[PDB]
$ cat model-v6.cif   # mmCIF, N, CA, C and O atoms
data_work
#
loop_
_atom_site.group_PDB
_atom_site.id
_atom_site.type_symbol
_atom_site.label_atom_id
_atom_site.label_comp_id
_atom_site.auth_asym_id
_atom_site.auth_seq_id
_atom_site.Cartn_x
_atom_site.Cartn_y
_atom_site.Cartn_z
ATOM 1 N N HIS H 4013 0.812 -1.211 0.000
ATOM 2 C CA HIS H 4013 0.000 0.000 0.000
ATOM 3 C C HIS H 4013 0.849 1.265 0.000
ATOM 4 O O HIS H 4013 0.427 2.288 -0.551
ATOM 5 N N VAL H 4014 2.031 1.226 0.609
ATOM 6 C CA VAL H 4014 2.820 2.438 0.801
ATOM 7 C C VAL H 4014 3.701 2.716 -0.407
ATOM 8 O O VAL H 4014 3.656 3.809 -0.982
ATOM 9 N N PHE H 4015 4.516 1.737 -0.798
ATOM 10 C CA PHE H 4015 5.539 1.995 -1.806
ATOM 11 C C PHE H 4015 4.990 1.910 -3.226
ATOM 12 O O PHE H 4015 5.353 2.726 -4.080
ATOM 13 N N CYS H 4016 4.122 0.943 -3.503
ATOM 14 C CA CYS H 4016 3.574 0.793 -4.846
ATOM 15 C C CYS H 4016 2.628 1.949 -5.135
ATOM 16 O O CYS H 4016 1.508 1.993 -4.615
ATOM 17 N N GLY H 4017 3.075 2.888 -5.964
ATOM 18 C CA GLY H 4017 2.260 4.027 -6.332
ATOM 19 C C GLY H 4017 2.697 4.640 -7.645
ATOM 20 O O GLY H 4017 3.882 4.607 -7.985
ATOM 21 N N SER H 4018 1.751 5.208 -8.390
ATOM 22 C CA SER H 4018 2.033 5.762 -9.710
ATOM 23 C C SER H 4018 1.189 7.009 -9.915
ATOM 24 O O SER H 4018 -0.042 6.924 -9.961
ATOM 25 N N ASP H 4019 1.855 8.164 -9.995
ATOM 26 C CA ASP H 4019 1.248 9.450 -10.328
ATOM 27 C C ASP H 4019 0.371 9.967 -9.193
ATOM 28 O O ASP H 4019 -0.075 11.118 -9.225
ATOM 29 N N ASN H 4020 0.148 9.140 -8.174
ATOM 30 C CA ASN H 4020 -0.687 9.509 -7.040
ATOM 31 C C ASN H 4020 -0.565 8.431 -5.978
ATOM 32 O O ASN H 4020 -0.475 7.246 -6.303
ATOM 33 N N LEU H 4021 -0.567 8.851 -4.716
ATOM 34 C CA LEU H 4021 -0.465 7.929 -3.595
ATOM 35 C C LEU H 4021 -1.311 8.452 -2.448
ATOM 36 O O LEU H 4021 -1.172 9.613 -2.051
ATOM 37 N N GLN H 4022 -2.178 7.596 -1.915
ATOM 38 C CA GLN H 4022 -3.046 7.948 -0.795
ATOM 39 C C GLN H 4022 -2.796 6.941 0.321
ATOM 40 O O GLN H 4022 -3.528 5.957 0.457
ATOM 41 N N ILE H 4023 -1.763 7.197 1.118
ATOM 42 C CA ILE H 4023 -1.426 6.312 2.226
ATOM 43 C C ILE H 4023 -2.467 6.361 3.341
ATOM 44 O O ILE H 4023 -2.751 5.333 3.964
ATOM 45 N N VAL H 4024 -3.033 7.531 3.614
ATOM 46 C CA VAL H 4024 -4.158 7.658 4.536
ATOM 47 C C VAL H 4024 -5.244 8.454 3.825
ATOM 48 O O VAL H 4024 -4.958 9.221 2.892
ATOM 49 N N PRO H 4025 -6.506 8.284 4.227
ATOM 50 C CA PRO H 4025 -7.608 8.871 3.443
ATOM 51 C C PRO H 4025 -7.531 10.379 3.291
ATOM 52 O O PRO H 4025 -8.092 10.915 2.328
ATOM 53 N N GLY H 4026 -6.856 11.083 4.193
ATOM 54 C CA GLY H 4026 -6.793 12.526 4.136
ATOM 55 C C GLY H 4026 -5.541 13.123 3.534
ATOM 56 O O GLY H 4026 -5.455 14.349 3.423
ATOM 57 N N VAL H 4027 -4.566 12.308 3.139
ATOM 58 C CA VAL H 4027 -3.282 12.803 2.659
ATOM 59 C C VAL H 4027 -2.997 12.194 1.295
ATOM 60 O O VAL H 4027 -3.149 10.983 1.106
ATOM 61 N N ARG H 4028 -2.587 13.034 0.349
ATOM 62 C CA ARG H 4028 -2.187 12.602 -0.982
ATOM 63 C C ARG H 4028 -0.750 13.035 -1.226
ATOM 64 O O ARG H 4028 -0.414 14.210 -1.041
ATOM 65 N N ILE H 4029 0.093 12.092 -1.629
ATOM 66 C CA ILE H 4029 1.504 12.349 -1.892
ATOM 67 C C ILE H 4029 1.729 12.228 -3.397
ATOM 68 O O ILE H 4029 1.707 11.113 -3.938
ATOM 69 N N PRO H 4030 1.948 13.327 -4.109
ATOM 70 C CA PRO H 4030 2.191 13.247 -5.550
ATOM 71 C C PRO H 4030 3.619 12.813 -5.851
ATOM 72 O O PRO H 4030 4.506 12.832 -4.997
ATOM 73 N N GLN H 4031 3.828 12.423 -7.105
ATOM 74 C CA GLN H 4031 5.145 12.023 -7.564
ATOM 75 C C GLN H 4031 6.060 13.243 -7.656
ATOM 76 O O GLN H 4031 5.589 14.382 -7.659
ATOM 77 N N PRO H 4032 7.376 13.029 -7.708
ATOM 78 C CA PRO H 4032 8.300 14.164 -7.803
ATOM 79 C C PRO H 4032 8.024 15.023 -9.027
ATOM 80 O O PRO H 4032 7.611 14.530 -10.078
ATOM 81 N N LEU H 4033 8.257 16.325 -8.874
ATOM 82 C CA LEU H 4033 7.929 17.285 -9.915
ATOM 83 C C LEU H 4033 8.817 17.090 -11.140
ATOM 84 O O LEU H 4033 9.900 16.501 -11.077
ATOM 85 N N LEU H 4034 8.332 17.596 -12.274
ATOM 86 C CA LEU H 4034 9.072 17.476 -13.526
ATOM 87 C C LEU H 4034 10.379 18.260 -13.480
ATOM 88 O O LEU H 4034 11.395 17.818 -14.030
ATOM 89 N N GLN H 4035 10.371 19.431 -12.838
ATOM 90 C CA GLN H 4035 11.561 20.276 -12.823
ATOM 91 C C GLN H 4035 12.703 19.628 -12.050
ATOM 92 O O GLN H 4035 13.875 19.883 -12.348
ATOM 93 N N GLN H 4036 12.382 18.789 -11.062
ATOM 94 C CA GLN H 4036 13.356 17.927 -10.387
ATOM 95 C C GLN H 4036 14.442 18.736 -9.671
ATOM 96 O O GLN H 4036 15.630 18.661 -9.995
ATOM 97 N N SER H 4037 14.016 19.520 -8.684
ATOM 98 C CA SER H 4037 14.930 20.177 -7.758
ATOM 99 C C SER H 4037 14.653 19.672 -6.350
ATOM 100 O O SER H 4037 13.506 19.703 -5.891
ATOM 101 N N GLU H 4038 15.704 19.212 -5.668
ATOM 102 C CA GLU H 4038 15.515 18.593 -4.361
ATOM 103 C C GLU H 4038 15.093 19.604 -3.302
ATOM 104 O O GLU H 4038 14.358 19.248 -2.377
ATOM 105 N N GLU H 4039 15.543 20.855 -3.410
ATOM 106 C CA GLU H 4039 15.136 21.871 -2.440
ATOM 107 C C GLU H 4039 13.639 22.142 -2.529
ATOM 108 O O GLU H 4039 12.931 22.157 -1.512
ATOM 109 N N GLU H 4040 13.139 22.364 -3.746
ATOM 110 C CA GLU H 4040 11.722 22.657 -3.925
ATOM 111 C C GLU H 4040 10.858 21.468 -3.536
ATOM 112 O O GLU H 4040 9.799 21.638 -2.924
ATOM 113 N N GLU H 4041 11.285 20.255 -3.891
ATOM 114 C CA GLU H 4041 10.520 19.074 -3.510
ATOM 115 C C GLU H 4041 10.546 18.860 -2.002
ATOM 116 O O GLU H 4041 9.540 18.451 -1.415
ATOM 117 N N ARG H 4042 11.687 19.117 -1.358
ATOM 118 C CA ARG H 4042 11.743 19.068 0.099
ATOM 119 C C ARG H 4042 10.746 20.035 0.719
ATOM 120 O O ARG H 4042 9.999 19.672 1.639
ATOM 121 N N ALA H 4043 10.717 21.271 0.218
ATOM 122 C CA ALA H 4043 9.761 22.250 0.721
ATOM 123 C C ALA H 4043 8.327 21.792 0.487
ATOM 124 O O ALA H 4043 7.473 21.930 1.369
ATOM 125 N N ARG H 4044 8.049 21.242 -0.696
ATOM 126 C CA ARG H 4044 6.701 20.780 -1.012
ATOM 127 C C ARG H 4044 6.274 19.651 -0.087
ATOM 128 O O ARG H 4044 5.133 19.625 0.386
ATOM 129 N N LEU H 4045 7.175 18.703 0.170
ATOM 130 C CA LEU H 4045 6.854 17.595 1.061
ATOM 131 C C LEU H 4045 6.615 18.085 2.481
ATOM 132 O O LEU H 4045 5.665 17.651 3.143
ATOM 133 N N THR H 4046 7.457 19.001 2.964
ATOM 134 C CA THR H 4046 7.244 19.541 4.303
ATOM 135 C C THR H 4046 5.913 20.281 4.389
ATOM 136 O O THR H 4046 5.179 20.145 5.376
ATOM 137 N N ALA H 4047 5.575 21.054 3.355
ATOM 138 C CA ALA H 4047 4.320 21.799 3.361
ATOM 139 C C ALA H 4047 3.116 20.867 3.334
ATOM 140 O O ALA H 4047 2.145 21.082 4.071
ATOM 141 N N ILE H 4048 3.146 19.836 2.486
ATOM 142 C CA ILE H 4048 2.003 18.932 2.417
ATOM 143 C C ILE H 4048 1.904 18.106 3.689
ATOM 144 O O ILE H 4048 0.812 17.676 4.068
ATOM 145 N N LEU H 4049 3.030 17.859 4.360
ATOM 146 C CA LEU H 4049 2.974 17.228 5.674
ATOM 147 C C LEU H 4049 2.332 18.155 6.699
ATOM 148 O O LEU H 4049 1.542 17.709 7.540
ATOM 149 N N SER H 4050 2.660 19.448 6.642
ATOM 150 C CA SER H 4050 2.117 20.398 7.608
ATOM 151 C C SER H 4050 0.628 20.639 7.396
ATOM 152 O O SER H 4050 -0.104 20.861 8.366
ATOM 153 N N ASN H 4051 0.165 20.604 6.146
ATOM 154 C CA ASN H 4051 -1.241 20.851 5.849
ATOM 155 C C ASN H 4051 -2.159 19.744 6.351
ATOM 156 O O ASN H 4051 -3.380 19.928 6.348
ATOM 157 N N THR H 4052 -1.607 18.612 6.775
ATOM 158 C CA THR H 4052 -2.411 17.485 7.215
ATOM 159 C C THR H 4052 -3.053 17.761 8.572
ATOM 160 O O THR H 4052 -2.602 18.607 9.348
ATOM 161 N N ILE H 4053 -4.126 17.025 8.848
ATOM 162 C CA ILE H 4053 -4.773 17.018 10.154
ATOM 163 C C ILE H 4053 -4.988 15.568 10.564
ATOM 164 O O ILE H 4053 -5.488 14.762 9.771
ATOM 165 N N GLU H 4054 -4.601 15.234 11.793
ATOM 166 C CA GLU H 4054 -4.767 13.877 12.295
ATOM 167 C C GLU H 4054 -6.085 13.768 13.046
ATOM 168 O O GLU H 4054 -6.240 14.407 14.095
ATOM 169 N N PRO H 4055 -7.042 12.980 12.569
ATOM 170 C CA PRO H 4055 -8.334 12.878 13.250
ATOM 171 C C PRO H 4055 -8.225 12.069 14.536
ATOM 172 O O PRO H 4055 -7.230 11.393 14.802
ATOM 173 N N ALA H 4056 -9.283 12.158 15.344
ATOM 174 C CA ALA H 4056 -9.311 11.447 16.617
ATOM 175 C C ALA H 4056 -9.303 9.937 16.424
ATOM 176 O O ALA H 4056 -8.807 9.207 17.290
ATOM 177 N N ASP H 4057 -9.839 9.451 15.307
ATOM 178 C CA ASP H 4057 -9.882 8.023 15.002
ATOM 179 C C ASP H 4057 -8.756 7.617 14.064
ATOM 180 O O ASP H 4057 -8.936 6.763 13.191
ATOM 181 N N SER H 4058 -7.582 8.230 14.225
ATOM 182 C CA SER H 4058 -6.454 7.924 13.353
ATOM 183 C C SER H 4058 -6.063 6.455 13.427
ATOM 184 O O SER H 4058 -5.673 5.868 12.412
ATOM 185 N N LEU H 4059 -6.168 5.843 14.608
ATOM 186 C CA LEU H 4059 -5.740 4.459 14.768
ATOM 187 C C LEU H 4059 -6.546 3.495 13.910
ATOM 188 O O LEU H 4059 -6.065 2.397 13.616
ATOM 189 N N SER H 4060 -7.755 3.873 13.502
ATOM 190 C CA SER H 4060 -8.577 3.024 12.652
ATOM 191 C C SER H 4060 -8.707 3.528 11.226
ATOM 192 O O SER H 4060 -8.876 2.719 10.314
ATOM 193 N N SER H 4061 -8.633 4.840 11.010
ATOM 194 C CA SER H 4061 -8.756 5.395 9.670
ATOM 195 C C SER H 4061 -7.408 5.478 8.964
ATOM 196 O O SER H 4061 -7.260 4.981 7.844
ATOM 197 N N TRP H 4062 -6.418 6.108 9.603
ATOM 198 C CA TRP H 4062 -5.089 6.189 9.006
ATOM 199 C C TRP H 4062 -4.475 4.805 8.850
ATOM 200 O O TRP H 4062 -3.853 4.505 7.824
ATOM 201 N N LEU H 4063 -4.636 3.951 9.853
ATOM 202 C CA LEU H 4063 -4.254 2.558 9.715
ATOM 203 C C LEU H 4063 -5.350 1.791 8.979
ATOM 204 O O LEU H 4063 -6.431 2.314 8.695
ATOM 205 N N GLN H 4064 -5.060 0.531 8.668
ATOM 206 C CA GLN H 4064 -6.014 -0.332 7.988
ATOM 207 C C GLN H 4064 -6.885 -1.118 8.959
ATOM 208 O O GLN H 4064 -7.697 -1.942 8.524
ATOM 209 N N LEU H 4065 -6.737 -0.880 10.258
ATOM 210 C CA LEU H 4065 -7.503 -1.597 11.267
ATOM 211 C C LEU H 4065 -8.970 -1.170 11.230
ATOM 212 O O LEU H 4065 -9.267 0.021 11.116
ATOM 213 N N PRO H 4066 -9.898 -2.118 11.320
ATOM 214 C CA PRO H 4066 -11.313 -1.755 11.421
ATOM 215 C C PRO H 4066 -11.623 -1.116 12.765
ATOM 216 O O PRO H 4066 -10.928 -1.333 13.760
ATOM 217 N N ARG H 4067 -12.690 -0.311 12.782
ATOM 218 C CA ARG H 4067 -13.131 0.312 14.025
ATOM 219 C C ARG H 4067 -13.485 -0.727 15.079
ATOM 220 O O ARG H 4067 -13.285 -0.493 16.279
ATOM 221 N N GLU H 4068 -14.007 -1.878 14.651
ATOM 222 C CA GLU H 4068 -14.409 -2.911 15.598
ATOM 223 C C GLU H 4068 -13.218 -3.424 16.394
ATOM 224 O O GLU H 4068 -13.331 -3.674 17.598
ATOM 225 N N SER H 4069 -12.065 -3.586 15.742
ATOM 226 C CA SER H 4069 -10.876 -4.052 16.449
ATOM 227 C C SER H 4069 -10.419 -3.043 17.496
ATOM 228 O O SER H 4069 -10.034 -3.423 18.608
ATOM 229 N N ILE H 4070 -10.453 -1.752 17.158
ATOM 230 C CA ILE H 4070 -10.071 -0.720 18.119
ATOM 231 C C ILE H 4070 -11.020 -0.727 19.310
ATOM 232 O O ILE H 4070 -10.590 -0.647 20.471
ATOM 233 N N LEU H 4071 -12.325 -0.817 19.041
ATOM 234 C CA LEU H 4071 -13.296 -0.869 20.128
ATOM 235 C C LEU H 4071 -13.075 -2.099 20.998
ATOM 236 O O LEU H 4071 -13.178 -2.025 22.228
ATOM 237 N N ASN H 4072 -12.772 -3.239 20.375
ATOM 238 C CA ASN H 4072 -12.528 -4.462 21.130
ATOM 239 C C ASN H 4072 -11.300 -4.320 22.019
ATOM 240 O O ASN H 4072 -11.310 -4.758 23.174
ATOM 241 N N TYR H 4073 -10.231 -3.714 21.499
ATOM 242 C CA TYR H 4073 -9.037 -3.504 22.312
ATOM 243 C C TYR H 4073 -9.325 -2.591 23.495
ATOM 244 O O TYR H 4073 -8.889 -2.861 24.625
ATOM 245 N N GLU H 4074 -10.054 -1.498 23.254
ATOM 246 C CA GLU H 4074 -10.392 -0.593 24.346
ATOM 247 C C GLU H 4074 -11.245 -1.297 25.392
ATOM 248 O O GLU H 4074 -11.028 -1.129 26.598
ATOM 249 N N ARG H 4075 -12.206 -2.109 24.948
ATOM 250 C CA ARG H 4075 -13.043 -2.850 25.883
ATOM 251 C C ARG H 4075 -12.223 -3.854 26.681
ATOM 252 O O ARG H 4075 -12.465 -4.054 27.876
ATOM 253 N N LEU H 4076 -11.256 -4.508 26.035
ATOM 254 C CA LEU H 4076 -10.428 -5.485 26.734
ATOM 255 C C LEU H 4076 -9.590 -4.817 27.815
ATOM 256 O O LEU H 4076 -9.502 -5.312 28.946
ATOM 257 N N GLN H 4077 -8.971 -3.682 27.494
ATOM 258 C CA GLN H 4077 -8.185 -3.005 28.521
ATOM 259 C C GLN H 4077 -9.077 -2.439 29.625
ATOM 260 O O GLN H 4077 -8.690 -2.451 30.803
ATOM 261 N N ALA H 4078 -10.282 -1.980 29.273
ATOM 262 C CA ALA H 4078 -11.212 -1.498 30.288
ATOM 263 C C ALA H 4078 -11.629 -2.618 31.230
ATOM 264 O O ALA H 4078 -11.675 -2.425 32.449
ATOM 265 N N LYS H 4079 -11.933 -3.799 30.690
ATOM 266 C CA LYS H 4079 -12.313 -4.906 31.560
ATOM 267 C C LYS H 4079 -11.133 -5.380 32.395
ATOM 268 O O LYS H 4079 -11.322 -5.791 33.545
ATOM 269 N N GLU H 4080 -9.915 -5.307 31.856
ATOM 270 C CA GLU H 4080 -8.744 -5.680 32.643
ATOM 271 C C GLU H 4080 -8.575 -4.755 33.843
ATOM 272 O O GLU H 4080 -8.408 -5.216 34.981
ATOM 273 N N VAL H 4081 -8.625 -3.443 33.609
ATOM 274 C CA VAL H 4081 -8.458 -2.513 34.722
ATOM 275 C C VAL H 4081 -9.636 -2.601 35.689
ATOM 276 O O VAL H 4081 -9.460 -2.442 36.902
ATOM 277 N N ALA H 4082 -10.848 -2.860 35.185
ATOM 278 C CA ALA H 4082 -11.993 -3.026 36.072
ATOM 279 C C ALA H 4082 -11.836 -4.253 36.961
ATOM 280 O O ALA H 4082 -12.144 -4.202 38.156
ATOM 281 N N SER H 4083 -11.363 -5.366 36.398
ATOM 282 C CA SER H 4083 -11.117 -6.552 37.211
ATOM 283 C C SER H 4083 -10.044 -6.284 38.256
ATOM 284 O O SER H 4083 -10.178 -6.690 39.419
ATOM 285 N N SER H 4084 -8.972 -5.592 37.861
ATOM 286 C CA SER H 4084 -7.907 -5.285 38.810
ATOM 287 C C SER H 4084 -8.416 -4.411 39.950
ATOM 288 O O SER H 4084 -8.111 -4.666 41.122
ATOM 289 N N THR H 4085 -9.203 -3.380 39.631
ATOM 290 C CA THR H 4085 -9.700 -2.501 40.682
ATOM 291 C C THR H 4085 -10.743 -3.200 41.546
ATOM 292 O O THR H 4085 -10.827 -2.925 42.747
ATOM 293 N N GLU H 4086 -11.520 -4.122 40.971
ATOM 294 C CA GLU H 4086 -12.434 -4.921 41.778
ATOM 295 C C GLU H 4086 -11.663 -5.763 42.783
ATOM 296 O O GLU H 4086 -12.020 -5.826 43.964
ATOM 297 N N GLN H 4087 -10.587 -6.410 42.328
ATOM 298 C CA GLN H 4087 -9.771 -7.208 43.237
ATOM 299 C C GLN H 4087 -9.154 -6.342 44.327
ATOM 300 O O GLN H 4087 -9.169 -6.711 45.509
ATOM 301 N N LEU H 4088 -8.597 -5.196 43.924
ATOM 302 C CA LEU H 4088 -7.941 -4.282 44.897
ATOM 303 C C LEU H 4088 -8.962 -3.850 45.960
ATOM 304 O O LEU H 4088 -8.573 -3.722 47.143
ATOM 305 N N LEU H 4089 -10.213 -3.630 45.551
ATOM 306 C CA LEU H 4089 -11.273 -3.248 46.520
ATOM 307 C C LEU H 4089 -11.446 -4.388 47.536
ATOM 308 O O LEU H 4089 -11.635 -4.087 48.732
ATOM 309 N N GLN H 4090 -11.373 -5.642 47.077
ATOM 310 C CA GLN H 4090 -11.476 -6.801 48.001
ATOM 311 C C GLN H 4090 -10.248 -6.812 48.925
ATOM 312 O O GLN H 4090 -10.411 -7.121 50.125
ATOM 313 N N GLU H 4091 -9.070 -6.481 48.385
ATOM 314 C CA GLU H 4091 -7.820 -6.486 49.191
ATOM 315 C C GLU H 4091 -7.963 -5.498 50.359
ATOM 316 O O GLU H 4091 -7.436 -5.803 51.451
ATOM 317 N N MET H 4092 -8.633 -4.364 50.130
ATOM 318 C CA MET H 4092 -8.797 -3.332 51.189
ATOM 319 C C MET H 4092 -7.414 -2.950 51.741
ATOM 320 O O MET H 4092 -7.163 -1.731 51.858
#

$ encode --input "model-v6.cif" --output "structure tokens"
Amino acid sequence: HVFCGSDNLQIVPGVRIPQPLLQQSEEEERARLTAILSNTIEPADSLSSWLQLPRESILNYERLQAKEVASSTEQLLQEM
């Protein structure tokens, strides 16, 4: 998904990385890459949108860690 690209590359749904310019100057392309990196915005659901992970997997992971900490705090309450 990342390296294989031709004339256009969309690694995450909100960012497009074009191919190097025809004029082929490394300074200008460096500036262009830095600018297009700066213009990006990272959404709150980046872990599921920017990555290829489904939302269900992220929710399942959050639920698993929540139940783990809930079990630990339940036990600690018994420990007194």

$ atom_distance --input "model-v6.cif" --atom1 "atom N of residue 4077 of chain H" --atom2 "atom CA of residue 4025 of chain H"
27.2 Å

$ resolve_selection --input "model-v6.cif" --expression "the PyMOL selection byres ((chain H and resi 4014-4019) around 6)" --output "list in words"
residues 4013, 4020, 4021, 4023, 4029, 4030 and 4031 of chain H

$ write_last_selection --input "model-v6.cif" --atoms "N, CA, C and O atoms" --output "PDB file, in the frame of the given file"
ATOM      1  N   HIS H4013       0.812  -1.211   0.000  1.00  0.00           N
ATOM      2  CA  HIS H4013       0.000   0.000   0.000  1.00  0.00           C
ATOM      3  C   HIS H4013       0.849   1.265   0.000  1.00  0.00           C
ATOM      4  O   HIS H4013       0.427   2.288  -0.551  1.00  0.00           O
ATOM      5  N   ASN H4020       0.148   9.140  -8.174  1.00  0.00           N
ATOM      6  CA  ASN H4020      -0.687   9.509  -7.040  1.00  0.00           C
ATOM      7  C   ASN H4020      -0.565   8.431  -5.978  1.00  0.00           C
ATOM      8  O   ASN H4020      -0.475   7.246  -6.303  1.00  0.00           O
ATOM      9  N   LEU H4021      -0.567   8.851  -4.716  1.00  0.00           N
ATOM     10  CA  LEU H4021      -0.465   7.929  -3.595  1.00  0.00           C
ATOM     11  C   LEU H4021      -1.311   8.452  -2.448  1.00  0.00           C
ATOM     12  O   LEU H4021      -1.172   9.613  -2.051  1.00  0.00           O
ATOM     13  N   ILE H4023      -1.763   7.197   1.118  1.00  0.00           N
ATOM     14  CA  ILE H4023      -1.426   6.312   2.226  1.00  0.00           C
ATOM     15  C   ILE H4023      -2.467   6.361   3.341  1.00  0.00           C
ATOM     16  O   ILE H4023      -2.751   5.333   3.964  1.00  0.00           O
ATOM     17  N   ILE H4029       0.093  12.092  -1.629  1.00  0.00           N
ATOM     18  CA  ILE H4029       1.504  12.349  -1.892  1.00  0.00           C
ATOM     19  C   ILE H4029       1.729  12.228  -3.397  1.00  0.00           C
ATOM     20  O   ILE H4029       1.707  11.113  -3.938  1.00  0.00           O
ATOM     21  N   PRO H4030       1.948  13.327  -4.109  1.00  0.00           N
ATOM     22  CA  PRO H4030       2.191  13.247  -5.550  1.00  0.00           C
ATOM     23  C   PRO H4030       3.619  12.813  -5.851  1.00  0.00           C
ATOM     24  O   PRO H4030       4.506  12.832  -4.997  1.00  0.00           O
ATOM     25  N   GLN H4031       3.828  12.423  -7.105  1.00  0.00           N
ATOM     26  CA  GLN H4031       5.145  12.023  -7.564  1.00  0.00           C
ATOM     27  C   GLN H4031       6.060  13.243  -7.656  1.00  0.00           C
ATOM     28  O   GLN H4031       5.589  14.382  -7.659  1.00  0.00           O
TER      29      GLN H4031
END

$ resolve_selection --input "model-v6.cif" --expression "the PyMOL selection byres (((chain H and resi 4040-4057 and name CA) around 12) and name CA)" --output "ChimeraX atom specification"
/H:4024-4039,4058-4068,4070-4071

$ select_by_dssp --input "model-v6.cif" --residues "chain H" --states "alpha helix (DSSP H)" --output "VMD selection string"
chain H and resid 4038 to 4050 4058 to 4061 4067 to 4091
